[PDB]
Structure formats: structure tokens, C-alpha cells
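**Q**
Protein chains in written order, with the deposited numbering: chain B, -1 to 346; chain B', -1 to 346; chain B'', -1 to 346; chain A, -1 to 346; chain A', -1 to 346. A prime marks a further copy of an entry chain.
#1: Only counting the same chain, and skipping five residues up and downstream in sequence, which positions put a Cβ closer than 7 Å to that of residue 343 of chain B'?
#2: Out of curiosity, what's the CA-to-CA distance linking residue 54 of chain B and residue 92 of chain B?
#3: By how many angstroms is the C-alpha of residue 89 of chain B'' removed from the C-alpha of residue 228 of chain B''?
#4: Tell me whether the beta-carbon of residue 96 of chain A lies closer than 7 Å to the beta-carbon of residue 111 of chain A.
#5: Would you please verify whether the beta carbon of residue 156 of chain B is less than 7 Å from any beta carbon of chain B'?
#6: For residue 2 of chain A', would you say it is in contact with chain B', using Cβ-to-Cβ distances shorter than 7 Å as the test?
#7: Kindly examine the ligand GTP and report whether one of its heavy atoms sits closer than 6 Å to the Cβ of residue 107 of chain B''.
#8: Quick one, which of B'':282, B'':310 and B'':267 has its alpha-carbon nearest residue 333 of chain B'''s?
#9: Could you compute how far the alpha carbon of residue 258 of chain A sits from the alpha carbon of residue 258 of chain A'?
#10: For residue 96 of chain A', which residues in chain B'' fall below 8 Å Cβ to Cβ?
#11: Suppose you measure from the CA of residue 217 of chain B to the CA of residue 236 of chain B; what does that come to, to the nearest Å?
#12: In the structure shown, what three-state DSSP assignment does residue 193 of chain A' receive?
#13: Kindly give me the distance between the Cβ atoms of residue 80 of chain B and residue 86 of chain B, rounded to whole angstroms, as I take these residues to be in contact under 8 Å.
#14: Using C-beta distances below 7 Å, list every residue in its chain close to residue 219 of chain A', excluding the 5 sequence neighbours before and after it, in chain order.
#15: Give the straight-line distance between the Cα atoms of residue 153 of chain A and residue 187 of chain A, rounded to the nearest whole angstrom.
#16: Could you give the distance in angstroms between the alpha-carbon of residue 13 of chain B'' and the alpha-carbon of residue 251 of chain B?
#17: Could you name the residues that DSSP lists as bridge partners for residue 278 of chain B'?
#18: Is the separation between the beta-carbon of residue 2 of chain B'' and that of residue 52 of chain B'' shorter than 7 Å?
#19: Under DSSP, the alpha helix (DSSP H) around residue 46 of chain A' begins and ends at which residues?
#20: Among the candidates B':244, B':63 and B':34, whose CA atom is the shortest distance from the CA of residue 106 of chain A'?
#21: Would residue 114 of chain B'' count as contacting chain A' if we go by Cβ distances under 7 Å?
#22: Using a Cβ-Cβ distance under 7 Å, would residue 306 of chain B'' count as near chain B?
#23: For residue 111 of chain A and chain B, any beta-carbon pair shorter than 7 Å?
#24: Taking CB distances under 7 Å as the criterion, tell me whether residue 40 of chain A reaches chain B''.
#25: Does residue 287 of chain B'' pass the burial test, meaning 16 or more other C-beta atoms within 10 Å, or should it be called exposed?
#26: Under 7 Å between C-beta atoms, does residue 280 of chain A' make it to chain B'?
#27: So if I threshold CB-CB distances at 8 Å, which residues from the region 158 to 176 of chain B count as touching chain B'?
#28: Consult DSSP for residue 61 of chain A' and reduce its assignment to one of helix, strand or coil.
#29: Under 7 Å between beta-carbons, which chain B'' residues line up against residue 102 of chain B? List them in chain order, please.
#30: Would you report the Cα separation of residue 116 of chain B' and residue 284 of chain B', rounded to the nearest angstrom?
#31: Could you name the residues of the region 115 to 129 of chain B'' whose beta carbon sits closer than 8 Å to any beta carbon of chain A', in the order they occur along the chain?
#32: Relative to the C-alpha of residue 244 of chain A', which candidate in A:64, A:223 and A:27 has its C-alpha closest?
#33: Do we get a CB-CB distance below 7 Å when we pair residue 286 of chain B'' with the residues of chain B'?
#34: State the beta-bridge partners of residue 32 of chain B as determined by DSSP.
#35: From the DSSP output, read off the bridge partner residues of residue 207 of chain B.
#36: Short of 7 Å in beta carbon distance, which residues of its chain neighbour residue 320 of chain B', apart from the five on each side in sequence? Order them along the chain.
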């Protein structure tokens, strides 16, 4: 018995859609859902999606309120749709996937993921939901997450962190470390060995290793010396070069996080979405040093150090491919006389 | 001589509507009022109400710029409309009442509160305005506020704080403590003995008593011991329980304010309006502990302590009714073997 | 080969319009430009202007990404249009000028500033662009900025600071100090001797002179005594008077910046645009002291002190005219028995 | 090199999209595409679809301008998408199918109908386009139309009429009679024996048989007598019954067209779309006789007469199923003592 | 004392803006101006322009309600703006010119046409308004219309018809034949010898000459024979050729009006604006014969006959330039062995 007034009743009384019966007066004005409370209209939801107001309302209301894989991870695995849930992209304030399976009448392509229509799509299955594991086994294309083992299937350990109601976190009171499984054209696929991004903010940045604690605490010449990083262009790549009109390096988030503490800067996030490599239009307030496309990756410093030190510095320029968040990240490695000049992740 | 271009003239030249004569070029695009300044369009107002753009503009312009009762208080007293003013709800960015009395042509139901049409409505009268007290005496239903005594009428002392241009404050340079009076079907009504909420923010929270200073300063086991709060589930009710997937207790704002200092958390205010009991969808960033409907009341700790200690802990579950902000707040009191288990305010 | 899909390609791949060939799928919904990335719509731009969505998109994309004069300065010089660029007003999130010259088909009045149509307009020329200086020489009305000397023309040294991608800054890695030149009806005009506003924020305020360091550090009676400011109403004019319902003085930004550190206050910027004199509707949270139109100017204290001390305190009230940011700022000077009572900049 | 400004260039210069190179200035306001002509904005297209303005613009521009099957026919055959064209539904002012195949970047699911994604969809193929017949032969699901024979496949002769730019017509200067072919799960399907609706206007109605010429020229009792239609409730079913508050019968278009010739009535088309059975809320201006759901089918009278005379009138009420426009139309047949009472098509 | 509520008062009470004092309650929702009448909102104006709702409202309200030159004529003469009036384009439901002179604050570039800003623009002056003739004499660029002679200036007799409140008519109770005068760079210009379009409707078409009365009454072969039009491709050019898929000829309105009398067709006016040559996407319902760009000109037959008979039929294809409505209309003349094949006006 699905209806606008019912979804709104659940939003008012329960915080989200919770299958409760009841109705509340609703009015729709300028991409906004309002409800009459004490004789006045109160804003329930402001549609920031490309779907009709009432549709987006229902999908938001019916969003997954448990720790779920970060959108970047799902996208990288080629997930097209979710089985009997809505993965809400809090970075875009919109559903992470266009269509649904047994969620809402206006967006559903099927009621069950077993319908012939779902076969060409990579359907996301949540092992924590009863019967979803068997649905993955029976689907032509899909991605499966589980808290534990799945009899017979070879697991891929995923990132430590998951998104819980927009908050990316490493679960203490909840489990955020899942086991990943993927199928392509009815065949289980062996996922690669991968590094994971840490998903940290510029402002609330915290080191996650001793070498990262040493980075923010120690001086430039001091840190390079301690971790034998001489001739690896750490000066340029990580810390940044603000001496000229075009901002030099500054491709690791830890680097941006150190500089932000000294003096602020504008980070124009011109493609606001979740991705392994982010591109920002940076402008330094102190210096005037700016760069239109500054590619930033949040790799744990120790991982970046392992990657850079694992390269052959004999050629002027080459493409270095690194498996990060289950996707191939192309990095440009620029060298000169056996030392690094620059090493930036590519946009792609 | 009321007009759009005149209201805009006053907004530009005086900050709000101030009865000044004059006009400025105005353009209306996408629920926004613009004015031409130095040959370009400057944004005067962005309509966030359910009223037409130009109407909301006028009501906002004509808002009360003196300390006025907080919307929660007015709503609790059953105020339907205001006499010859606009009470602006800064929490909703909209007028607190749908219709007006001698304010604007498009929203006025009457020019004067004495019109037969106003009789069934509880009209708000401001004693500080000449002739308003006599209008209350002559109205069938109403709420009156005064700075001082009203000959013959029995007063109800209101909260210490009032809202001045969106800022809730206890007046130093202005009076924010009013005397309340109410009429129902032409009869003066004796308002009840009530406790008042403190109307504090999560982030800019400040203790207002020694016991509240002791709460934020002292440790858990230390505070309970000092104020003889043993077996009153203060651990659960006030401080919060983040050990499991569902967040335990945390119903007093002072509690949320202590936790916010240690580690941040998301407070999803899903019904954004002013009320005695607020409901939030809380998610703890550190733990992963979350709760869809967490009812929060900002009572001065000493008042909450007086309320909890004034109860009979002999029965498993009962409804405890407390007069707060002139309304009956139903509280659920859960007990076991002569001690408290939990005590939360109900949504209602 | 100018098109929506191409502008969007450049925005995605390069951060702004950079003359690159290529196209990306674009969709236009509710004054917003979206692009399909990984099968979902991502928000590229939210039109906050009075121009059509796609037009504003192009003008924003084609904005000047070099340090440019602050909009207040350009407006004061009477600039109507810019030659072959877009000066973006980041304070209004809109183009600083209605029409363009060789930028966009929908807003262009001419392709080149030499067209007969441009003659009555004061066209902005950027000396740093090849051929622009000669275009100024040949234009009937205009404003020219250069980093260096222009053979034969008498220069006017401009402010130390410029706006770089919305950030107002004194350039270290870039030049922000330009030479100004102006033409009126084909004749070079001698610009006046002027003081410049410092363009500082309330929250990130920093002193720019010893006397300003002394202001924030020292006490009221202490500072007045040290800088011989007795009988200049510095108490009232700069620091502010919060004792009564109407807020007294507080017309210099440094004054507001000191008070903000002690206790916060609401600054309602009711005409959000860049100007030499700003008007705010101030409300003090601590006191309840408020004022609808509080005129605020950010003059370096030493400059304000030079201005106030340079006046004749013999008459009750007079208009004091001060050249600030190339415009005449009328100040009201109120006196009594050879001392100052108040000295505020006028709205105008 | 697909772009908004190019599509608009083709619309202006050629009438629709015709692969021509060039651009025109375009502005998007509301849900309307405008172009600057002689310095003013001219309306090119008003988006009446649920797709973004610029997307719908492109699909409209890229519509099929040849005689194509009427949307009702395609829907009845279960067509989901069209191969390398856009079938425009002029009754809904929107594309007849949500997604496209090699038409537009924002709606394309595939570039070619051979992609694995298209397999579950019934793809429409136009034999008149080179290589489309062979694409049908290799597609899993599909509908094919041809002007002539297809080696090996058994044809189904379709309706005499087709829609040419919104005009439903029987082609004289063009061919509108096609041969239909259908595939389901890789198997050619033998289409049923069907009657076709005539797709006539109530206003511009033209008889297509002698019995229709007789119906319009002759009197009621006269016609019934000539074509031996006694006891077949023709008076009720075909001509209307306006004697009571609820309008009796009037289910055949010729009947409506005859009444309209005499007295006009209101036909509220509450589900505006193309269908075999249409439902109207009729209100007769002469009599005041009205009916909420009056199901109307435009069958050639001779066909209706063949259908009604081919029934068993022994039972009070039964469902009569008639193959019309390749779909099963359920008709309710109401009888009494061996004669007809009423016979209406079901809405569904 | 110009304001929204005043303009609306005049619209309600007087039909348009008539300088009357008074105000009416107005509400603006979407792009529509409403007024409260008997307690309900009544639609005054639906903005179909690219200007803000309230601005377009004022310009519409302030439109010229006297017979004025048809927009096509003004455009052809290169009129950019009108002096102290608004010429409303009823074909576009928008003002014919972007800016105004002493009409509305939001669109005015000047208060009087004598301002230096107006000099580069061709300003329209109406001789029937006091002092306008003298303003033309002193303006640098302009177009003047008068009912009578102007001392010293040589007149150009204009079309017989003018637009009176959207109705194009030859005045009986009013004068619609004006005298045209034009100035370019301060010099009076001698306007060319021109033919005029008749500006007739396809539906309400009326013959304006005996040869037009003969065209409509007589048969094809009959007419051609009577007016010695053999070998001038009249059959093709004037009457249509509906025998093939692409509609042949049909470039003269009288020809369309004759066909429409017999069989109806769809005329898709894809560039809805006033022009000398109109382009339609025609689809003949009888034959199915269609053409994307069918250029149609409404020339009095006798004029067309004079034009075609005045050509040299010796070359296969050439551009024939005809002065129509003061502009050069390029016509394509296609010939073969001394006779005409086709002769169509060019779209451009």
C-alpha cells in the first residue's frame, strides 16, 4: 500500500521508510516536499536529484541505513543497480543508481533480481539480507558483499571503512569490513590485489600510521632523511610547490592536510562525486599559486611510499598502473638521471 | 501606498519595511527578488516559503524586529495568527502563521483583530504596542504578552529568553521575560505551572547552573556520586550508550553536548521546526552506533533531576506527564526492581 | 565551434573553458547543468544568475582565472563591460557585467571592443593581454590595468590586493598591484588621490599595521591614551556601544573584528554585493543591542586616524568627503564643544 | 559532433535534425529552447516531456519524418525501443519509447541494436532502412515493418493508415500499408487475425463504407431496418441514449460523429495517449446527459456489425474478446431474452 | 510612482497601463501574475518572454494600443528600439525590442531618445506623438512614420495594413497607411522601391484583386490560359504538386489558401516570428505528400505575376533579388529550355 502520504508519515514518525501504516498531509511546491505540522508547512525533503520530486523523496526515504560500501567502490566494481534496496550517494544528494529492483513503482525495472531484464546488469547483493547470497549465485552479473565466508566462493577482503548514513567510518559497534565477490556473464571472477584509499577529509584529517604521524609532526628535510626518501621528489609530489604561478605537485591528500594547517586554500571540487582520484581547482590564499586540475588521491603514506619505491627510474616518462579500490589507476612517472621529477595520478 | 518596489526600497535603504516612501527597480526570477544596483541584479530575498515569492518578500520585510516569544512557546499556547505584525520563523525561513491582520493585502483575513472573522482564532497581542492590551480584552480567543502588570488580569511568568532577529537570547539591553495571558471562548484562562526548555545549540552549549558545570567538567561515576543520582539510569538517559548498533538513551541536550566535545556525530533534524521535544536521526562517527528517532529535550539539568527524582519507580512502565513550555509532555518511564531503566520524552 | 556540450567537456577535463575540442553528455534540469559520469547525473553548475542556465554556465566557465581588480574597484571606476573576458562576481555568483565582447554568442554586443556599439560604454582592458593597451588608446571610454608603465600615459597606483578565483589576496607568486588608467569621451582622465579599503573578513581578520596590532591586543582606555585619540569618540565610532537597544557606532571593520572575538553576533548582509561601504543589520547575541543599518568600512586604522584627525570639529554636523577606492565617500561628522560625537560613512 | 547549438541550427535551417554542420545561439529558460534571431529570442521548442529540456529537444529534432506505424499499434505489439530512430508520440508530445539506440548520448542504451543489452527488448526495425531487415533476423526480440515481401518470413498485413508527422493518413503519394513481423525469444511469431481501428477524428470524420455513408445520411429506425440490425441494441450501443442523467451507450466513433453533427458535447480525454479503446468523460450540452467513463472504439461499422452478429445472445453477461490492432480487446456483452441490451469495449 | 500593484490596477480597471493611480493585491507564481478578486486568484498575465515575469508584465501593460507598423516591417528597416513606447510582438507574445526609452526602469537604457547612449541605435519615432518628428530630425539613426507630409523630407509610402492589438488590418475607422523615413549616421536615406506582403491568414483568406478572385473561383488550366501564364510553372510554384513524397512548389499563400479550402494540411511553423518569408514543415493529410522547409510568401498574385514575368529564363539556376517589405529577398529561379521549372523565396 505504497503512497506519498504514507512515505511522509514514516519519515515524520520514524526517520525514514519503515513499513508503517498511516498518512500525513503533504504538499509539493518548488522541488520540495512539505508536511502540515501545527497548521504550517514544514520542509521534509528538497529534491537535489534529476528524478521527479516525489520519486526522489521515496528513494531517499527507502535508503539503506546500515553500513554499505562507499559509492566509489561500487562504481569501480561496475555495479549498475541494487537488489531490493537504495544506495544513497550523500556526496551527490541523489540515488547512486538510476533504476531499482522491488523498491519503488516509478523506478523499478523488476520486482525481483531474477527477472530476465536484470540479466545484463551488475546487480549489487547484500549478504546480510536473507536470501541475497542465493540470488547472486543465480544472477548473470553481480557484486556480493558479506560479513563472513560463502561456501565454495573465493573471497576478496574489502576496505576497512564503509558509509553509514553519509558518514564514512571504520566500524566499532558495527561491521564495515566486507568480503567482495563478483560475477561476469554467469562466471565468478577473481578480483585483483588492491590498495585502498583512506577516504579522509582535508579539515578533519588524522594520520593512520607512524610514518603519517611523522609527516605532519616533522619538518621537510627531516622526514625525507628518516624514511630514506632522497631523490623521490617527495618535496614536489606530496608537500607541494607554491613558489610559481602554477602550483607544483600536491597529489597526496596528507600533503594538502599539512598545508591547510599552516594557511588556508580554496579547493574547487568541480566534479562533485565519489571517486578514487579526485580533481580540484586549487588556489592558495597566501601565495596566489593556483592549478586548474590538481589530481588528489588519499593513499596511506606507507602505501604511496611502497608504490613509488617499487618503480624503475631509468626512463624520462612512463605510465605506472596501480590497482586501487579494484580499478586500474594510471599514474604518470616523470624522471631525470635516476631520480624522480614528479608522479601524479591521472584524471581517468 | 503598499507595493513590491516600495517594500524593496525600504529593504535596500532601511534593512526591513519601515514605512518609507520611494521605489527601486525589482525583478522576479526563480523564487528570488532581485534589485538593480550599479547596473546589475543583486539578490534581496530567496523565497523558502510556500507563499508566492512577492508575498513572502513583504511578510519577511514586515517581520517583528523586537524580542518576541519563541515559535515553540506560541505554538504550545495555540496561537493561530498575530495582531498587526509578522512573527518570522527563522528555523523554517517562513512566517510562523499562514494569515495576517493588517499587514499585507494578499494574506490579511482582516485589517483589525476586532473583525468577526478573527473571533474563532487565537490572536497574538503584544502589550508593548499601543492599544493591543485592550484588543485582547475585547477578542474571543487570544494570547497576550506584556513587559509589566495588566490591571486585574492574573499573570503567568514566561521564559527568560526570546528570539531577536533569529537569535534566541536572555535580554541585557532589552527585555525578553514577558507576562503571558490567554483567553478561550471569551474567558481568561489560568495557564499552568510549567518548566521551560533552555533553547541551547549542540555546538555553542554553555552550562547554566553549578550541577550543569559539574556535568561537563566531572567524570561519569564522579557526577552520579556527588548529586546522589545512583539507580536513576543517568548513565543511559543523559550520557548515552554507544556500545551497540542502536544508540542507547541520550535524551537530554547537555548529554549530546558533552559527547560532541569528545568526538563528532551527525544530527539529522528530519522535522526542521521549533518544538519542545526535538527528534533527530543520530549517527556516531566514532562507533557506528545509530538511532532513527532520538527524542532530545533541553531541560536545565537541575529541572530534569527534580522531575526524575519526583517519580514512583515501583512499576515496569508508565506515562509521566510534565508541563514544559505550557504543553503536557508525555515521558515514558521504564523501571526494574526499584531503579530506573530509561526515561525518554515522547515524540507527540 | 562553441557549444554547451563542449563547454562542459572543458569544465570536466580542464576545470574551466580552455579552448579544448570534445563533447560530454549534458542535461539541463531546474537551473542546473548536469553531466553523465559512470551512468549517473553529476552537478556541474547551479545557475544563481538572472541569465538563462546555459548562458551563465558558459560565462562562468569562461571567467578570468588570473588576479583581476576587485568588483568594488571596477564599479567605482564606472566599468560597464569587459574586453574579451568575463569578470566573475564571486560575491553574487554572477557575471559582474550584463553583456560581453567576443566571449559568448548570447551575451556579446560586439566581437571586438572597436565596434561602434561599444563607444558609449566604459570598457575594461587588461594590459597583460596582447593588444589590449592599443585597444584602450583607440576606445572612446575605458579603464586600463597594467603590471608596468604605458608609454606616455600618467599612471594611478591601485590597491595592493586583487581577486584570484574569488580569493582576495596580496600576490606573492603573482602580481596583484596594477596601474590604473581611465578615459572619458576619448580623453585620458587624471584619477584622484585615494585611500583603499583592505577587503578583510570579520572572522579571518588580521591586523596590517602596529597601531592595528595595538588595537586588538590593548584595552580601550590604554589604546586611546597611546595614540593621542582623546576626544575623537573612538570609544563609540570604532569599538561600539552595546549598552542600549540601538547599537552605537561600530563603523570600522577592525572594531567588529575585536567584538566578534569576545562574543558572537549576527551580521545580516541585506545587499549582498561588493562595495566600499557595506551595510549590515547587526544583532548582538550577548546584549540584545541591534541596528538595522550599520555602515561598515574596512579602512586601515592608521588611514581612518589620519582622516578623523584631519577634520575641523567646530560645527555640530557636516558632510566630510573622503576619496576611497576612487569614489567620493560622504561621511557624517557629528561634533560638540570641540570634540567628536560620531563619524559614520554614508550608505550612498 | 553532436551539440545543442548544432541541433538548433538544423531545426532553424532544415526543419528537423538533418546531420548539417553549423551552430546557432541558444538559451534555455524554464522548459523552453529559444534561439536569437534579429536580436530577439524566438521559441524553438516547449518541452512537454518528463526528460530534461535539451534532451527532449534533440529527440524531437531527431524524430522519424516518414510514415511510421501509429503508437497504438507499436504498443500493442509490445515494442520497447526503436532501432536507430525516434518514434515521436504527437498525442503525448513526447518520445514513444524512454531509451534510444544510436540516436542521443543521454538516452542511448546502445549504439547498435546488436549489443547484448538490447536482447531482452522488443526492438522496432524499419525495413525501408538499409540493413534493418538483417538486424531483425539476428535480434532476440523485435517487430519489423516492410513495404514488401521478406524472403522466407510469413507476413501479417497491417493497417492501411500510418502517422506522418502527427497526421494519421492512408498514403496516396507515400506507402502507409506495411507488412508486420514479430520475434519472441529468437523465434518468429505468427501474428493473429485482427480487425483494425480507423483512427478518425470526431470533427473531420469521413465514412469509409456504404453502410457508414448510409448511417450518416439515413434516420435511426431507417438504417436498423435496411441492415437487419433489429434486436442488436444499435439504438443504444451506436447512436446515444440522452434521455436520462447517465448517457446510454455511444461506444462507436461514427455514433459520436453523427451526434456532434447535430448537437455538440464535451469530450474530456482524461488519459491523453494513443490507444485502441479510448475513455472519455462525456457531457452532452443539449440534454445535460453525462457519463464519467464512456469507452469509444473507432471500428469500421461493417466490422462492428460482423462482431456483434457473430455472438451468442443466450446469457445475461459475458466477456467477448475481439482481436483489434493485434491486441485482445475485452468487450462486455449484456443480453436479455435472446436480444442485446448493451455491448461496450472495456477501458483496460 | 511606478509599481507592480499599480500596473495591475490599471490592467484590471482600464485594460492596459493608462497612468491611473491605485493599487490591487498581486501574487506571482511561476511565470504568472495573479490578482485577488472576490477572495480568489485570477490570472492577469502568463509570461511567455525571456524577461523576468513582472518586467514583461509592465512592458505588455505599456504596449502601443494604436495601429503600429507590423514587426516584420520594423525589423526589415533595422529598428533596434522604440522612442517612449513598447511595440508588442503578438506573434512571439514578447516585446519586439529588448530595451526601452522612458517606459520601464528595468529595461530603459535612457529616459529620452536624445541621450548619447541611443545614438548608435535605429530608434523608432511615431509622428502621431507630439515632438517625435523633431526628435527624429536630431537623432543619428532612426525610422519615422507619419500619417501625413513632413516639411522637407521625401516620403516612402508604406503598406496599406498595420497591426492594431495583434490584429493586422487595413484601417477604415483608423489610419494604417504611414509615410516612412529613415536616417543612417545622421543622414536621411532614400528608401527603395518595394513590393509589400499582404499579411493574410491561411484560414480567413480574402482575395484583394480580380486575378486573385479568378484564381480562387476558376480551375488550374482555366486560370493559366486566361492570364497567359503558360511556361511559367504556375501549376508547380503557386498550386501545389502532391503527386510525390516530397511536396512540389506551393510557395505563395493564395495557393495554400486554395488547397486548404479543398483538403486540410498541417503547417508546422517551426520559427514562430513575423517575417517576409515564412518557413513551414507542411504535411498534406489527403496525399501524405510532405516537405520540411516550404518557404511561403504572401504576395498579391498580380505582384508575383509581375515579378516572374520580369525575369530572364535563359539560365538553369540564378538568384533573383526582389525588394519586398524594404528588404532584399533572394529567390531561386530554376529554368529549362526557356521556361520556368520552379521559383521559390529563400528561407534566410
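Ideal Cβ positions, reconstructed from N, Cα and C, are used throughout, including at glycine.
**A** So, from the listed chains and residues:
#1: 249, 275, 293, 295, 327 and 329
#2: 8 Å
#3: 38 Å
#4: no
#5: So no, residue 156 of chain B is outside the interface.
#6: Interface flag for residue 2 of chain A' against chain B' is set, since a Cβ pair is found closer than 7 Å.
#7: Looking at this structure, you won't find the ligand GTP or any other ligand, since it has none at all.
#8: Of the listed residues, the one whose Cα sits closest to residue 333 of chain B'' is B'':310.
#9: 22 Å
#10: Those do not exist, as residue 96 of chain A' stays about 11 Å from chain B'' at its closest Cβ, beyond 8 Å.
#11: 13 Å
#12: For residue 193 of chain A', the secondary structure class from DSSP, reduced to helix, strand or coil, is strand.
#13: Contact flag wrong, Cβ pair sits at about 10 Å.
#14: none
#15: Rounded to whole angstroms, residue 153 of chain A to residue 187 of chain A spans 10 Å at the Cα level.
#16: 19 Å
#17: B':292
#18: yes
#19: Premise fails: residue 46 of chain A' is in no alpha helix (DSSP H) and is neither H nor E.
#20: B':34
#21: yes
#22: no
#23: no
#24: Taking CB atoms only, residue 40 of chain A has no neighbour in chain B'' less than 7 Å away.
#25: When all chains shown are included, residue 287 of chain B'' counts as buried.
#26: no
#27: 162, 163, 164, 165, 167, 169, 170, 171, 172 and 174
#28: Reduced to three states, the DSSP call for residue 61 of chain A' is strand.
#29: Within 7 Å Cβ-Cβ: nothing; residue 102 of chain B doesn't reach chain B'', min ~17 Å.
#30: Distance between the alpha carbons of residue 116 of chain B' and residue 284 of chain B' is about 53 Å.
#31: 115, 117 and 118
#32: A:64
#33: yes
#34: B:25 and B:41
#35: According to DSSP, which records beta bridges pairwise, residue 207 of chain B is partnered with nothing at all.
#36: 193, 305, 327 and 329
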